2 protein chains.
Amino acid sequence: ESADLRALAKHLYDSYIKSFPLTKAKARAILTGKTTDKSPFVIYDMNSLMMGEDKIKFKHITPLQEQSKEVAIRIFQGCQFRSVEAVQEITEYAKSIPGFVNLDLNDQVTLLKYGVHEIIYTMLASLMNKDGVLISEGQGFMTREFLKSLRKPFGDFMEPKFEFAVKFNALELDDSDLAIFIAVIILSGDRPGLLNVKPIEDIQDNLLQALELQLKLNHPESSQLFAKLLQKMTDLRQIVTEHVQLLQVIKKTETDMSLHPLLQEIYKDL
Amino acid sequence: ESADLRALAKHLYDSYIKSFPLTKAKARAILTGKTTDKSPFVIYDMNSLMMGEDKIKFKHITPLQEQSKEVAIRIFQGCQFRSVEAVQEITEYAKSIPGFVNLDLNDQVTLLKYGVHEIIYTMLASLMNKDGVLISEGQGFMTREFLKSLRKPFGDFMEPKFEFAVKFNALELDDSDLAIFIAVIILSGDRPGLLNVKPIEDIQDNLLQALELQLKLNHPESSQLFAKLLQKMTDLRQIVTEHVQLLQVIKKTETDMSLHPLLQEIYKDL
Ligand SMILES: O=C(O)[C@H](Cc1ccccc1)Oc1ccc(Cc2ccccc2)cc1
């Protein structure tokens, strides 16, 4: 019954709105869009980052570049702090998906553990355009150039996400569409270690059904949009795999430090 | 008009039968012992192997292998042969996909280059069950266990293909379904280096519509089969990537062995 599907879609949208502060609609207004009423601080250079990190609402380290903590490192570690926040927002959203809390607890943890990275990059694209990505709740904007000019190991960290974003954003999905897509990603079914795959696939089946109707009604002229979005799931997987890769490579840069115990703890691997 | 999509489905199924000598229909009839009009000889150890060249057409070695191209080598030299053969069969099929031959020559080559191995693993599943795979046009059957017991590097080649096969086969697709799915794979558009992406996406869109109708009519009770099939496209990409690194390992261990020219061209790093 299209009734239930349309109902499911609205529910996910409302839940999505309350779990994620920065929506794509908002990010878009700020980005390429005009909506010039409070332009974001732009970070396009070392001086920009420096002469602005003290003026921006960032919570970690202050701008200090002179043989004391490399810029690239501080920026990378900065993305970790934010990803850790996103994880909690995503976890809260997952709990609103009909049926999720009723699943085996271990399976719930497994789905979140393997789905968080794919969701993070999916939503990150909402805050990106070909020229840069929004930062700090949208109060900042770090250029694509400045990021690619960072240290050798770190100058290739965001590029692949930028490439994905450009292609993903070409589908012109809106929040209402994304709310359902993100739920499909969470209720995968092929994650390793799952104990009871049936209820998970049963829910995804219902979610996919809802996603298809949402796309047909919200994008009547976009032929086969459903199929195209689903194929983007292969691009996300590669982004993630490729990501843990550069991560291990970085692991061979910073290691033994008797001052990171409690801090390194808060930031595991995911 | 669904009428035009049905005609396209028929066309592709027709060309598929004409290009691929060993269909899934024939493979299942051979595998399901219920049909013993012509059963396969089974290879599950060295002795069976020796006896294999007896009744089966094996131009390889039968006796000793250690000091004369070991078994593992003989088997993969044979595998290399079938793949090149498979590539030629797929290339022949590609030309029948409406619009393919009318594309920029450079793009035709790029589409085949990236799509060929994804198709091979899809079709290779038609020849597999949880315990082994048909060989030599169905005259033989080599055990999964036998293959996994080969020399350190050679024993890791097939296992992931079997793992893929067992799950892909759970979808219960038949030849008419696969003919359209294979065509969908070839006309990607997100392949690296494409010159004219639009004409490619226009063809894939039409093929996707054809695939969706086919699965709805041929599998009326298989909810979200279309979406489930499309997601399998992520498993294929992974298999290709692992396969490549294994290949790079062999190239360094067997400095006397050679990767066939046609396959060397298709492959590349990164
Ligand atoms: O990579 C390929 O194109 C083929 C693809 C394939 C793999 C499994 C079944 C069918 C086709 O699989 C190969 C795997 C290893 C090798 C290594 C090899 C090189 C020279 C001689 C013997 C083996 C060659 C092909």
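Sequence lines set the chain letters: A, B, ... in the order given, protein chains first and strands last, and positions in each chain run from 1.
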B:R82, CZ: over 12 other non-hydrogen atoms inside 6.0 angstrom: yes
Toward chain A, the part of B:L230 with a non-hydrogen atom under 4.5 Å: side chain
Minimal non-hydrogen separation, B:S223 against A:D205, with atom names: OG-OD1, 2.8 Å
Residue B:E221 excluded, over 12 heavy atoms near CD under 6.0 Å: yes
Side-chain heavy-atom pair A:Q204, B:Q224 within 4.5 angstrom cut-off: no
A:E254 atom CD: more than 12 heavy-atom contacts under 6.0 Å: yes
Residues, nucleotides or ligands: over 12 heavy atoms within 6.0 Å of B:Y121 OH: yes
Leading residue by heavy atom contact count with chain A [cutoff under 4.5 Å; candidates B:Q231, B:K167, B:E201]: B:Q231
B:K216, NZ atom: more than 12 neighbouring heavy atoms under 6.0 Å: yes
Check: A:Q238 and B:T234 side chains under 4.5 Å, non-hydrogen atoms: no
Side chain to side chain, A:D190 and B:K232, heavy atoms closer than 4.5 Å: no
Toward chain A, the part of B:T241 with a non-hydrogen atom under 4.5 Å: side chain
